[PDB]
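The form deposited in one PDB entry is given below as one chain in structure tokens.
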């Protein structure tokens, strides 16, 4: 009874009010179809509740509460939209995940970690989640908007000098160190996921791939999850690794920022795959691109096999690398210092740093499509 009423209050709890209400809406959704409403039990339960449930539906946060400004992202299971909460006039970025496509495509469990990271990390390096809600169609994640854009954009609009690359690499390293210390492994670190704020400081997003480590600080996942150009060889070979798979992505990141291309870029999907697997022979810095001996050493320090990769022993071996020598910041204050690109913003809905961008079958027997999404509302 002690932990009972504590868990009804507790935001991390599966039996709090939002989850208890999720369970009721879900039950109503899943059952209200004449094909199933034939049943006396389904009918009397719907009779008693449909009127009240319809009333909560509107009393709770809806997609309807937001004016959809523009679409700033598009992923496997949905889109990211630039929105404004009608009542509060407050601007947020809202990520949408299609429930239909999460059932049709088998994967409908990644969002739990994604939500929890953003919701509770309370880290300058992690995009914050304010609200999480749902409807018959989607899963909605309301986040702190990042007007600075992503590092895909920054790279496309600039010739990135080593002074800038020093800063962004350092911010990514500390961001992944914060993710790691929460007992998490990103598995999908890439420029499309590195976002810039009002001040031009880095924050990570797309925590879908993320997995909780063992007591050993390792993960037993016999499936390759991530993006071609940035996947490490050990994760291609996984199809029992540590957090050093994220440092490999940092190597690729630095190489792309300096050279202008990814170090294993190929014509085909399997070509990149084969290039990565032969990194010892496929990786080479082009002559015309003037890369320092310190920048080359660090790309090479991460773009090796996991058994000798920099970071395998901790962040400290990364931090002390000669490449990070500068007259602008320290590992203890980068975020307090002025970023290389400070974004000029015309408005609170300025989306200039971002590029321009399903019907469930009515059942005849109980399916329970809403059940895997009970507890999502935060």
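Residue numbers count along the first chain shown, from 1. For clarity, a rigid core is taken as the largest C-alpha set superposing within 1.5 Å between two forms.
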Checking the other entries of this protein that model its neighbours, is residue 73 missing in at least a third?
no
Over the set of other compared entries for this protein, does residue 289 lack coordinates in at least a third of them?
no
Unmodelled residues of the deposited sequence between residue 357 and residue 358: none, 1 to 3, 4 to 9, or 10 or more?
4 to 9
How many residues sit between residue 239 and residue 240 in the deposited sequence but have no coordinates: none, 1 to 3, 4 to 9, or 10 or more?
4 to 9
The stretch carrying the higher mean Cα B factor in the deposited entry, 344 to 352 or 41 to 49, is 41 to 49
Hey, which bit's got the bigger mean C-alpha B factor in the entry, 31 to 39 or 322 to 330?
31 to 39
Per the deposited entry, the peak Cα B-factor within the set 300, 152, 213, 179 goes to 213
Among 122, 209, 249, 193, which carries the highest Cα B-factor?
209
Can you tell me which third, lowest, middle or highest, the CA B-factor of residue 168 falls into for its chain?
lowest
Pull the Cα B-factor of residue 274 out of the PDB entry and bin it into the chain's lowest, middle or highest third.
highest
By the entry's values, the third containing the CA B factor of residue 244 is the middle
Based on the deposited C-alpha B factors for this chain, I'd like to know if residue 78 is in the lowest, middle or highest third.
middle
Sorting the chain's CA B-factors, does residue 335 end up in the lowest, middle or highest third?
lowest
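Here the subject shifts to the form deposited in another entry, a form of this protein not shown in this document.
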Sole member of 320, 313, 41, 347 with a C-alpha shift of at least 2 Å between this form and the one not shown (core-superposed)
41
